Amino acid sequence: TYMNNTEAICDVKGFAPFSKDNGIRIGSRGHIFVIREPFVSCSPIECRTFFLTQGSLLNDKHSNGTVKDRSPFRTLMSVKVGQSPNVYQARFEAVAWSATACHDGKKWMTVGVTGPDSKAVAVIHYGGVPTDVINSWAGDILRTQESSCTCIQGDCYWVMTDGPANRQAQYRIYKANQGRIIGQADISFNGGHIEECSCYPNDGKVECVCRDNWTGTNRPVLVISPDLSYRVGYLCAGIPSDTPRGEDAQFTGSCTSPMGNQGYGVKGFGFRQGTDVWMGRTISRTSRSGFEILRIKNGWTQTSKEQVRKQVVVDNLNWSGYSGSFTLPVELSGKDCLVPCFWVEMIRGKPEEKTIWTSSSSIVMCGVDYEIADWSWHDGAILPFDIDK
């Protein structure tokens, strides 16, 4: 049975801890994949952490990170939410140096991108077998969300980028059913830049908060309808939620245009709350350290800088990184609405630390009806490791 997922995103006053995998502490002696870009998506039965592996294990010579990013060994694999990315509980998903995955209520669909940069291929798995393919349409690093894709009433949606990472590129919305592409759309967005979207369903449409790696310190936003007609632009709020970014005082919002005039970015997320928004970000304006989440009144729809709530989850003494959005299927939460959840990736090692390797653990949070006290569920690993000698 197909998951409806037409309900509205729940309105929430705070986020409770869902899980924490401690992969890297565990990785010190146990057998754990050196991973990167983990993310969470849910079936109507269990939620899973998906990730990308080098094929190498923590504390092993193959974790030498001279092994490139988009390498032929890179794969998408998965475990259950909370478990470390260990070999012995890992499920194979796809060959991928970039991925999205989501469940429609019947089976898991995953999309893994691999191949050469100039001519990459994106393979669609449905129920654990390839069912379809997308080739690079612009010849420049075909790539996708690295967070959950979105399924409504049996059709699954996601967003991909083919083009340069630091200037204008091209963007597309795909629609598959049972792992067959059944629709696509080009996205007009001259001046604007879209990378690594974080998406979720909301009122029978797909809402995304993405990454502008060209010029904007605000996050681009798009809203997709089942007919693949779309609206696109930026998160209106007069507060920047990208890294690097400038200061809140020296920032003017926009619903239409990049602002901030800064190059680089990071994957991040946001949830519509009526006309409010929960926007997450790192605490540092420049580095991937700390993580917090602000609620701005009328933020989804105006250049508001009115903060109604602020909750810290990783303190600014500790390393953060990527973060993304997903919902709890109604079939799991029991609510009549879609419970908004997010995960925060905590990167340890290169570039900031003196190890030959890089990986990340994770923490997962879900919307609750109460305020949650600030804390820091940070990574915990004690660097460097034996391998680093």
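Between two forms, the rigid core is defined as the largest C-alpha subset superposing within 1.5 Å. We number the residues from 1 along the sequence you see.
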| property | result |
| --- | --- |
| Greatest C-alpha divergence in 5 other deposited structures of this protein once each structure is fitted on the rigid core, 45-53 or 62-70 | 62-70 |
| Stretch with the greater mean C-alpha B-factor as recorded in the entry, comparing 129-137 against 223-231 | 223-231 |
| Higher-B stretch (mean Cα B-factor, as the entry records it), 23-31 or 348-356 | 348-356 |
| Residue, from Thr243, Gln184, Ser98, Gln302, that the PDB entry assigns the highest Cα B-factor | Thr243 |
| Which of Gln311, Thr110, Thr75, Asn318 ranks first by CA B-factor in the deposited coordinates | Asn318 |
| Relative C-alpha B-factor of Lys106, binned into the chain's lowest, middle or highest third | highest |
| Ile372, C-alpha B-factor rank within chain (lowest, middle or highest third) | middle |
| Chain-relative CA temperature factor third for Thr150 | lowest |
| Chain-relative CA temperature factor third for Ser63 | highest |
| B-factor third for the C-alpha atom of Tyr157 within its chain | lowest |
